[PDB]
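Report on the following structure.
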Amino acid sequence: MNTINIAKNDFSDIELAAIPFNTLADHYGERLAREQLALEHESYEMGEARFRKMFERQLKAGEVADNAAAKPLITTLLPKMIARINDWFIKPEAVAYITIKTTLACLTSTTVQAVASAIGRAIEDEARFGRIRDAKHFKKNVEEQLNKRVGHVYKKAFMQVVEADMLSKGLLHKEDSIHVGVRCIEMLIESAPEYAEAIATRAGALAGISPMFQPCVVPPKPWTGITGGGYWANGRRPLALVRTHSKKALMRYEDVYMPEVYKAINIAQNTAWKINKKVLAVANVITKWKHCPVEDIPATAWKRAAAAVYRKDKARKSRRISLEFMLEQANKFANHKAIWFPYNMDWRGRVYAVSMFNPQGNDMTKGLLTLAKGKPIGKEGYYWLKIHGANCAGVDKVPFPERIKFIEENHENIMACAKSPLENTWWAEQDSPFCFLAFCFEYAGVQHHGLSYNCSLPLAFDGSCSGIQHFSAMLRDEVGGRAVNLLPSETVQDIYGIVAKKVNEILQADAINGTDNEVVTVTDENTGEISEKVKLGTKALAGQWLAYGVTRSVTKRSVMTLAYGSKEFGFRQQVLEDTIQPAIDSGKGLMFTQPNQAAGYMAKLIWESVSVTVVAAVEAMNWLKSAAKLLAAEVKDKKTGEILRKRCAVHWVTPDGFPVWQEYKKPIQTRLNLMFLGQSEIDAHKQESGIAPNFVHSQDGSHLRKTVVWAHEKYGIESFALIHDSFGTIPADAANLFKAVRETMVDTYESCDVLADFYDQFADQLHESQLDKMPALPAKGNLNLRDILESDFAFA
Amino acid sequence: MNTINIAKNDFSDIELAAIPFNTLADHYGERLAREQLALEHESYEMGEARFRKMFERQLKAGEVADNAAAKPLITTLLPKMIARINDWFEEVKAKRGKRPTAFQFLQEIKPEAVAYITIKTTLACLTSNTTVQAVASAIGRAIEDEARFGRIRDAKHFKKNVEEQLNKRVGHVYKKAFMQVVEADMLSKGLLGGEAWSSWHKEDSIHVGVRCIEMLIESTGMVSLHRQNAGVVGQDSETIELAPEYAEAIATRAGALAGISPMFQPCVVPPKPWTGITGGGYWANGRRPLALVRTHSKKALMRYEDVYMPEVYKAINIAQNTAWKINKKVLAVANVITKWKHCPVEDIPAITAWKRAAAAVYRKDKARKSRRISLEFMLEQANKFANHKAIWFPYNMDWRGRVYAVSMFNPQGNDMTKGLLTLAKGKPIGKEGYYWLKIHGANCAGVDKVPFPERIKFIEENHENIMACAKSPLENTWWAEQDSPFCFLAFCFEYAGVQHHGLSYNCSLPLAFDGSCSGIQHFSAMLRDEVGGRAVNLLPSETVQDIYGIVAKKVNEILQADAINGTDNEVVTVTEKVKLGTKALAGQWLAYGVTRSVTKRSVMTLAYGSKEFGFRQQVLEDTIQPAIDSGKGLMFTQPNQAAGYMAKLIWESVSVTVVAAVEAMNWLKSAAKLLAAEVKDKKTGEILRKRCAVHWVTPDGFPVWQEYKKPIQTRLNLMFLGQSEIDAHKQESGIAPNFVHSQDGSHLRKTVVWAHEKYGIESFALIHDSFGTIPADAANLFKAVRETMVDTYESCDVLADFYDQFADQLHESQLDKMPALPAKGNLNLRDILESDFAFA
DNA sequence: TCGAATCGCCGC
RNA sequence: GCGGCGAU
DNA sequence: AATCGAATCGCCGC
RNA sequence: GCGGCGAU
DNA sequence: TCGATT
């Protein structure tokens, strides 16, 4: 409960070390060096404070046991107590966990009787709950709402209701409780400051390894290796080029040779940003007046809404704390001529900025940041500057000439917002408001100062659906590629609309020729009550959906979740929560007499429509999932029981050269309590669930890294705004980046059959029995990749 | 249906007529006369457009029968329909054979209700498919809906608790949805006799309406019947049209009503001095002339024509003459923040119960829209008159004599309106002006329960905050966080001016001084109550006296005593439940903590006549129910027992604190009851003394007559809206609140004339007990308002005068029932002159 | 058996 | 009249 | 048969 | 682990 | 729901 201050020695050395200073000072100046090292020391300093505040709230709460510093002693203390309870003789392990947590919590916030009463009272409460959970299928319906509850008091209150319903349907001493705790303590005594020092020492250590990362005031330290990049000073937490769950998976990158990967990261780190002072000036004012600046600009349904408004209030507090941090960071570096961001990678190869305040943030955070080195905008830069503004306004589904026309027709509004941003709220109403306001300021400058006016604003181009774009390129899918604007097109293609149009074709077919409605008797298991129930035929079901009107908004989420592995089942939950339930609360949905029947009907229709719109996407993710299932399985001779092939990790190499290992590992045994917080084999399921998204994310990351090196080497582009598939640069450089991103993607998939390369990596790993099971590669389609270079709306 | 425009000829007269023009031109010149008469013309123009939009919506919704142009004709036709209904029923019964198919359906609905349901639904159908079938269907489904759910209304005792929740819902579908839910609930309880309604089939409902349509053509004849393509089986149709004369009657009445409903605006010249009952304020001879007294009958207005009240007339004209201007600095701030927030000062960032929660969000959504529409009007009017060097507000009086401004934008409004308005004619502020300028700023911030020396201390300590708010009101939100933000911000600007320009600075800001509890103050003055007078700051006190904190103190004293002594809990059978004792109940309340918050509303409602019963509903809704929703109120295990217990304690605390108030309102209530009764000898039955109204005259010379009148008959439908003798209960309910309000009106009127004649004061901000003037004249207004109050209650015994008015009217049986005048107390009125915190 | 301040604006 | 807003 | 299940990264909270 | 928020 | 483990 007494924490040493890491600051005085461990944080002092970071600034103190001469070798970082002398190296930093020569290139960037002594004062810029000192500030960078002072800043890095401050980041570690802030992190120590953050842990101290969290620990303090945990002492008052008694949730010290939940804190990571009190975890390691409990793990060595617990097994000896469980055996002692058996030797002295609810599950034995759970009682041992309950006693340790209650003892540590009671001491944190001292009578022996009071702790014994608490342990017994919690023990009785848990067993009354545990029996319902340990029945279990009914508890599974309860468990999701139990997981949604917050705090033991709400858990017990929710537990209380489910027990009463469970009694109604029929699934079914104070001194002794104090005596139960006393004997638990008596066994615990058989199983102190020295233990308290262990949590106290660990608390210091965890305070030293969790800094609040901050932007660099000098160009970041280039990555020459696996660790030590980004920030210049030797720290307690050295940056890793790849964020790894294990130190082993970090080390497999130590040997590997990835010259192009390193260049891409170093180039991105080199990009110099500055705070957009004009946008910051606006944001500082509207923030003092509104919780969210753009949230509200003047211009049985009850029970569902009640759950949302509690969430909506909790959401509103969660948004503000993020805002107040970003704003302070924006104010703090507002005067600096330039700031930089260090970059590392996730284990799949996507590029992330390391500091908490980064160009990859929300719209306000994005609008608060701009590049520091501009070039005169010229004719083409103005053209792309206007296109970006239309995109920020939400005009992104029309051809480019209509996007320019929208800007010119709204020129006076744009000018008004630039002149008096607090007097005209039109910018706040646009889809990406603060980024739009930033565009307004530059648009005014070009009008005030002409095409020679210097512009450093980041103009971001985003691929429409990167995963489907990449999957269609791999397998040459024309129909899917056209739906994602990979092919050159007269008009912007909406994949959500195409799916919706195909759904309407099925809807019309089933309404004319459909299964008739059928009636089946149903008997409730508990009641034993026989009620006649109607299964809706496809004809009746289509009629309800046709009455509602099926738009792109019905099919939108199902297409987005496709890359994440969602399929027909997950769609039915989406349709219910997205369109069917919200219509009911609005009073619409009179046609949706049975919601779940409509959602199941719709989810089948969306899945059929998606599978014919993008065949390569669906085919590829099935092929990858089959591969992961085979490798992840352990092969055992049935008679022998010995394993012929152990569970195998899945590994591949991106065209950039980045390798990735996907090792999802599940623990052997875990303990979870209903009323108290719950306390190395490869998981085959997570291997299958993740192989399709992780592989395609690995491909988009290589595309990004290839684009930034190609843009810097073929063209002069030195400033990059990168969000995983969004590519930004200054307007003078904007047209070349648009070219470079098309040239990179065309180059790789003309050069590399990524799926065949994947097959060569695991083909030997398959057991003799497994080879017949593995599906063949999906057939290539009719698409020509050269047409991607001509496409306007691919944006990538 | 279609209404000719009033505007072209009749609104044209307002600017044309020479005598209104010349009278205005002689006082203020031709050109100000041009602007005023065109402005008054626009006020009539805006008002007519208001009627036309409402009529268009009501026509679209079929709610034309709800509109006032259609009420007179419906009142004429309704008896004819009803008589024909009753005769049809008697004629159908007399004839032998199978009864007509509508006969049974028409019977369960009252003959009055069918009559109105047909007229409204036919008028709705015709003004918004003229076929008899669709209108007969539309009638029939409405009859059934009144039949099915009416059964719930008349049963009746349960309906009284569902009546309010039905009213709180807007729109027929929501009303119908709620009634299906209660019907299912009461059927489960078996209240409705267990008879679930069997829905009428469609062919029945058609036949129900046709019999109704036929019955109006015989009796009333507004609708007439026409047959298209007779004898052709395919196209044989019958149609319905409205009688043109009846359509012309609503159209004539619609136009007549649109020309008499103006949207009153401020004056660009000083308002017309009042010389008589009518035609004051605005200068044009208008279709709706202003009245000096706003009355419900022309007769109550006519009583004022004869009366000589020179001081009443002087006070209104002085108040009208006060020159105002729009505070541009405040208006600049309000124009900005309003565009960003629905209520600009609402959410500043700073560092069964579920069913009740749902009702709260519904009300909150209503309150947001209704609040914002008022805001948008005030800002638009403010921006309109922003560039004028001065503007003026006409004034008139309610039937009790309280003074109100006439234009919709007026200084007697909310904070934002009050903040947007400042006086036009200012004087150099001076030392004394600065002092009250800071006191006013302290009160706008909410530092009002404290002596003046610390009010000055608060302002001077927050000097840098006040300065920052004035320099950048948009950059520092501290002013918006105050209790009266825009009025505080208005002080911030003048405070910044005094520091920039010194004590020579010309300040025209209205410094409002408000009596703490004007009703109890007046009642304490009449009967000379020392204890009551001290509690409401009538007598000089060491500190400001909070009557809520006083009552809370006396409540807490009982609670502590009832925690040591007092009844134990007992079990009582109820048609066995525990009845909590005062000892248990005291413990619950002490656990909650009883503050001035628990007692505030009860003291406020005292002047309105509320007593121990009304406090229990207040206590439950104000503190107990919110506590339960918040997760407090575990102590309130039985909420109604706690509320009734606390209501008793508040009533005992209040009655011993302000005795003069309780005694005086009782005496007036007893007077109105005796006067409002009819006196009839029981054996003969003849009425010896008729029901009599209540009349008195203020010391200012204002007469006032209380004649609450009850209508003989009324009608009420569940889903469609419903459409003279003295009301004795309203006479007793109203006499005491109205009498004390007539006194504060006289005090206000006597104050403005005394401040105008003894001192030089020419600018008055007046809200019924709030007295405002420029800072240079603040000290004298403080003097003047005290001097008037001491003078009247030394010169006049208002209760004794009141008794002299009605003593002759009392009957001989009633004289023993009448209480004596309440005894005067030991208070000395001259202490009011030295009372700092009376403010009045 | 019943009941338990005035004035305006907006909506129905 | 009912629903909501505001003034005292 | 029984039965389970139905993307990555970051911040805040427990 | 759970919950909430944001990025793609 | 149809695949997946079990």
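Going by the structure tokens order, chains are called A, B, ..., each with residues numbered from 1, while ligands are numbered from 1 in the order shown.
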- Task: Excluding range 1-13 of chain E and any residue of its chain fewer than 6 positions from it, enumerate the residues within 10 Å of it, using only C-alpha atoms (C1' of nucleotides), and give them as a ChimeraX atom specification.
- Result: /A:243,314,317-319,321-322,345-356,360-361,561-571,685,689-697 /F:3-8 /G:3-6
- Members of range 668-818 of chain B assigned strand (DSSP E) by DSSP, as a ChimeraX atom specification: /B:679-680,687-689,694-697,703-706,709-710,725-726,765-767,770-773
Export of the given selection (N, CA, C and O atoms) as an mmCIF file, in the first residue's frame:
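See selection-v8.cif below for the written result:
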```
data_model
loop_
_atom_site.group_PDB
_atom_site.id
_atom_site.type_symbol
_atom_site.label_atom_id
_atom_site.label_comp_id
_atom_site.auth_asym_id
_atom_site.auth_seq_id
_atom_site.Cartn_x
_atom_site.Cartn_y
_atom_site.Cartn_z
ATOM 1 N N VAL B 679 -79.360 31.812 0.075
ATOM 2 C CA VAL B 679 -80.033 31.646 1.356
ATOM 3 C C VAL B 679 -81.488 31.315 1.069
ATOM 4 O O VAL B 679 -82.236 32.147 0.550
ATOM 5 N N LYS B 680 -81.887 30.092 1.408
ATOM 6 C CA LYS B 680 -83.246 29.622 1.188
ATOM 7 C C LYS B 680 -83.802 29.083 2.495
ATOM 8 O O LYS B 680 -83.146 28.282 3.168
ATOM 9 N N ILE B 687 -85.737 31.296 -2.046
ATOM 10 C CA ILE B 687 -84.413 31.851 -1.792
ATOM 11 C C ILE B 687 -84.564 33.264 -1.239
ATOM 12 O O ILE B 687 -85.071 34.164 -1.917
ATOM 13 N N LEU B 688 -84.145 33.453 0.014
ATOM 14 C CA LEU B 688 -84.263 34.757 0.659
ATOM 15 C C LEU B 688 -83.213 35.734 0.145
ATOM 16 O O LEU B 688 -83.522 36.904 -0.110
ATOM 17 N N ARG B 689 -81.974 35.275 -0.016
ATOM 18 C CA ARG B 689 -80.882 36.102 -0.507
ATOM 19 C C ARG B 689 -80.180 35.356 -1.630
ATOM 20 O O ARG B 689 -79.762 34.207 -1.452
ATOM 21 N N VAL B 694 -68.308 39.146 -4.951
ATOM 22 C CA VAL B 694 -67.428 39.795 -3.990
ATOM 23 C C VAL B 694 -66.761 40.979 -4.675
ATOM 24 O O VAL B 694 -66.189 40.830 -5.761
ATOM 25 N N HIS B 695 -66.831 42.147 -4.038
ATOM 26 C CA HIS B 695 -66.260 43.366 -4.587
ATOM 27 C C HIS B 695 -65.494 44.120 -3.510
ATOM 28 O O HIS B 695 -65.925 44.175 -2.354
ATOM 29 N N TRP B 696 -64.357 44.697 -3.895
ATOM 30 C CA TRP B 696 -63.613 45.595 -3.021
ATOM 31 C C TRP B 696 -62.894 46.629 -3.875
ATOM 32 O O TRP B 696 -62.899 46.564 -5.107
ATOM 33 N N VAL B 697 -62.293 47.609 -3.200
ATOM 34 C CA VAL B 697 -61.576 48.694 -3.860
ATOM 35 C C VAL B 697 -60.209 48.844 -3.205
ATOM 36 O O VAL B 697 -60.111 48.944 -1.977
ATOM 37 N N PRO B 703 -61.193 49.572 -8.351
ATOM 38 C CA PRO B 703 -62.238 48.631 -7.954
ATOM 39 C C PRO B 703 -62.018 47.282 -8.615
ATOM 40 O O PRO B 703 -61.337 47.162 -9.634
ATOM 41 N N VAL B 704 -62.577 46.249 -8.003
ATOM 42 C CA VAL B 704 -62.427 44.897 -8.524
ATOM 43 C C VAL B 704 -63.639 44.081 -8.100
ATOM 44 O O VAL B 704 -64.125 44.203 -6.972
ATOM 45 N N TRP B 705 -64.140 43.267 -9.027
ATOM 46 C CA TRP B 705 -65.301 42.422 -8.790
ATOM 47 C C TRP B 705 -64.924 40.977 -9.073
ATOM 48 O O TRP B 705 -64.442 40.662 -10.165
ATOM 49 N N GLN B 706 -65.150 40.102 -8.099
ATOM 50 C CA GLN B 706 -64.932 38.672 -8.273
ATOM 51 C C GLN B 706 -66.283 38.003 -8.503
ATOM 52 O O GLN B 706 -67.071 37.843 -7.564
ATOM 53 N N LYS B 709 -68.150 32.390 -12.621
ATOM 54 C CA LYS B 709 -69.435 31.918 -13.108
ATOM 55 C C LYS B 709 -69.293 30.529 -13.716
ATOM 56 O O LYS B 709 -68.346 30.258 -14.459
ATOM 57 N N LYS B 710 -70.241 29.653 -13.389
ATOM 58 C CA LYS B 710 -70.202 28.281 -13.875
ATOM 59 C C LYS B 710 -71.181 28.085 -15.026
ATOM 60 O O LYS B 710 -72.302 28.610 -14.991
ATOM 61 N N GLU B 725 -74.385 30.938 -13.528
ATOM 62 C CA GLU B 725 -74.578 30.950 -12.087
ATOM 63 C C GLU B 725 -73.228 31.165 -11.414
ATOM 64 O O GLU B 725 -72.183 30.825 -11.975
ATOM 65 N N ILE B 726 -73.249 31.743 -10.212
ATOM 66 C CA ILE B 726 -72.010 31.981 -9.481
ATOM 67 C C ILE B 726 -71.408 30.654 -9.032
ATOM 68 O O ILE B 726 -72.107 29.775 -8.508
ATOM 69 N N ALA B 765 -38.901 49.524 -14.430
ATOM 70 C CA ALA B 765 -38.998 48.108 -14.755
ATOM 71 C C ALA B 765 -39.868 47.452 -13.691
ATOM 72 O O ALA B 765 -39.530 47.489 -12.503
ATOM 73 N N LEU B 766 -40.986 46.864 -14.112
ATOM 74 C CA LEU B 766 -42.050 46.460 -13.199
ATOM 75 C C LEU B 766 -42.456 45.022 -13.481
ATOM 76 O O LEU B 766 -43.030 44.740 -14.538
ATOM 77 N N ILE B 767 -42.175 44.109 -12.547
ATOM 78 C CA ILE B 767 -42.810 42.796 -12.636
ATOM 79 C C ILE B 767 -43.490 42.459 -11.309
ATOM 80 O O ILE B 767 -42.955 41.709 -10.486
ATOM 81 N N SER B 770 -41.469 43.300 -8.481
ATOM 82 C CA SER B 770 -40.106 43.681 -8.804
ATOM 83 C C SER B 770 -40.129 45.108 -9.321
ATOM 84 O O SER B 770 -40.894 45.426 -10.237
ATOM 85 N N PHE B 771 -39.313 45.965 -8.722
ATOM 86 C CA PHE B 771 -39.269 47.379 -9.065
ATOM 87 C C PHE B 771 -37.864 47.712 -9.536
ATOM 88 O O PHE B 771 -36.901 47.566 -8.779
ATOM 89 N N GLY B 772 -37.751 48.156 -10.783
ATOM 90 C CA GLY B 772 -36.466 48.454 -11.380
ATOM 91 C C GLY B 772 -36.394 49.885 -11.874
ATOM 92 O O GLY B 772 -37.406 50.485 -12.243
ATOM 93 N N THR B 773 -35.180 50.428 -11.876
ATOM 94 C CA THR B 773 -34.899 51.751 -12.413
ATOM 95 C C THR B 773 -33.412 51.804 -12.735
ATOM 96 O O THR B 773 -32.668 50.860 -12.455
#
```
How close does chain C get to chain B? List, as JSON lines, each residue of chain C within 7 Å, its nearest atom pair and the distance in Å to one decimal, counting only C-alpha atoms (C1' of nucleotides).
```
{"residue": "C:4", "atom": "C1'", "partner": "B:614", "partner_atom": "CA", "distance": 6.2}
{"residue": "C:5", "atom": "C1'", "partner": "B:608", "partner_atom": "CA", "distance": 4.7}
{"residue": "C:10", "atom": "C1'", "partner": "B:370", "partner_atom": "CA", "distance": 6.3}
```
Selection to disk with C-alpha atoms (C1' of nucleotides), as a CSV table (one decimal), in the first residue's frame:
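Contents of selection-v2.csv, freshly written:
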```csv
chain,number,residue,atom,x,y,z
C,4,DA,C1',-58.0,20.1,-2.2
C,5,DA,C1',-53.8,32.4,-7.6
C,10,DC,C1',-47.1,27.6,-28.2
```
- Query: How would you write, as a PyMOL selection string, the set of residues in range 84-272 of chain A that DSSP gives as alpha helix (DSSP H)?
  - Reply: chain A and resi 84-88+92-108+112-133+136-148+151-169+174-190+193-208+247-251+259-270
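Contact shell of residue 138 in chain B at 10 Å (only C-alpha atoms (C1' of nucleotides); same-chain neighbours under 6 positions omitted): residues 117, 118, 121, 122, 124, 125, 132, 205, 206, 208 and 209 of chain B.
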- Using only C-alpha atoms (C1' of nucleotides), which residues sit within 9 Å of residue 726 in chain A once same-chain residues fewer than 6 positions away are excluded, as an NGL selection string? (:A and (460-463 or 704 or 795-796)) or (:F and (8))
Just N, CA, C and O atoms (P, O5', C5', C4', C3', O3' and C1' of nucleotides) for this one: save the residues we selected as a PDB file, in the first residue's frame.
```pdb
ATOM      1  N   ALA A 460      -7.075  13.192 -48.151  1.00  0.00           N
ATOM      2  CA  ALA A 460      -7.115  11.748 -47.953  1.00  0.00           C
ATOM      3  C   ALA A 460      -8.016  11.080 -48.986  1.00  0.00           C
ATOM      4  O   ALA A 460      -9.144  11.526 -49.219  1.00  0.00           O
ATOM      5  N   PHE A 461      -7.506  10.018 -49.607  1.00  0.00           N
ATOM      6  CA  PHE A 461      -8.274   9.163 -50.506  1.00  0.00           C
ATOM      7  C   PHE A 461      -8.417   7.793 -49.854  1.00  0.00           C
ATOM      8  O   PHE A 461      -7.419   7.209 -49.417  1.00  0.00           O
ATOM      9  N   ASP A 462      -9.646   7.277 -49.795  1.00  0.00           N
ATOM     10  CA  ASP A 462      -9.941   6.017 -49.117  1.00  0.00           C
ATOM     11  C   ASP A 462     -10.504   4.998 -50.096  1.00  0.00           C
ATOM     12  O   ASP A 462     -11.445   5.300 -50.837  1.00  0.00           O
ATOM     13  N   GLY A 463      -9.961   3.782 -50.063  1.00  0.00           N
ATOM     14  CA  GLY A 463     -10.580   2.691 -50.796  1.00  0.00           C
ATOM     15  C   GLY A 463     -11.976   2.406 -50.268  1.00  0.00           C
ATOM     16  O   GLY A 463     -12.238   2.507 -49.067  1.00  0.00           O
ATOM     17  N   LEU A 704      -0.155  -0.375 -48.467  1.00  0.00           N
ATOM     18  CA  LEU A 704       0.173   0.933 -47.909  1.00  0.00           C
ATOM     19  C   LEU A 704       1.677   1.155 -47.902  1.00  0.00           C
ATOM     20  O   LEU A 704       2.170   2.181 -48.385  1.00  0.00           O
ATOM     21  N   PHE A 795      -9.919   5.032 -55.569  1.00  0.00           N
ATOM     22  CA  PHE A 795      -9.221   5.837 -54.567  1.00  0.00           C
ATOM     23  C   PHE A 795      -8.031   5.110 -53.956  1.00  0.00           C
ATOM     24  O   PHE A 795      -7.402   5.634 -53.027  1.00  0.00           O
ATOM     25  N   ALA A 796      -7.705   3.925 -54.464  1.00  0.00           N
ATOM     26  CA  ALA A 796      -6.702   3.042 -53.890  1.00  0.00           C
ATOM     27  C   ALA A 796      -6.458   1.887 -54.852  1.00  0.00           C
ATOM     28  O   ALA A 796      -6.111   0.779 -54.445  1.00  0.00           O
TER      29      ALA A 796
ATOM     30  P     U F   8     -11.774   6.058 -39.930  1.00  0.00           P
ATOM     31  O5'   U F   8     -11.323   4.697 -40.618  1.00  0.00           O
ATOM     32  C5'   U F   8     -10.006   4.557 -41.121  1.00  0.00           C
ATOM     33  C4'   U F   8      -9.663   3.119 -41.415  1.00  0.00           C
ATOM     34  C3'   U F   8     -10.706   2.309 -42.161  1.00  0.00           C
ATOM     35  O3'   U F   8     -10.767   2.603 -43.544  1.00  0.00           O
ATOM     36  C1'   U F   8      -9.833   1.020 -40.392  1.00  0.00           C
TER      37        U F   8
END
```
- Would you list the contacts of residue 75 in chain A as a list in words, taking every protein, DNA or RNA residue within 10 Å and counting only C-alpha atoms (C1' of nucleotides), but skipping same-chain residues closer than 5 positions in sequence? residues 70, 80, 97 and 679 of chain A
- Item | Best match for closeness to chain A among B:120, B:339, B:157, B:616, counting only C-alpha atoms |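 Going through B:120, B:339, B:157, B:616 one by one, the smallest distance to chain A is for B:339.
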- Determine, counting only C-alpha atoms (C1' of nucleotides), which protein, DNA and RNA residues have an atom within 7 Å of an atom of range 36-52 of chain A; residues of the same chain fewer than 3 positions away are not included. Present the result as a PyMOL selection string. chain A and resi 7+11+14-15+32-33+55-56+207-208+210-214+216-218+233
- Message: Just to confirm, what's the straight-line distance from CA of residue 428 in chain B to CA of residue 504 in chain B in Å (one decimal)?
- Response: 5.2 Å
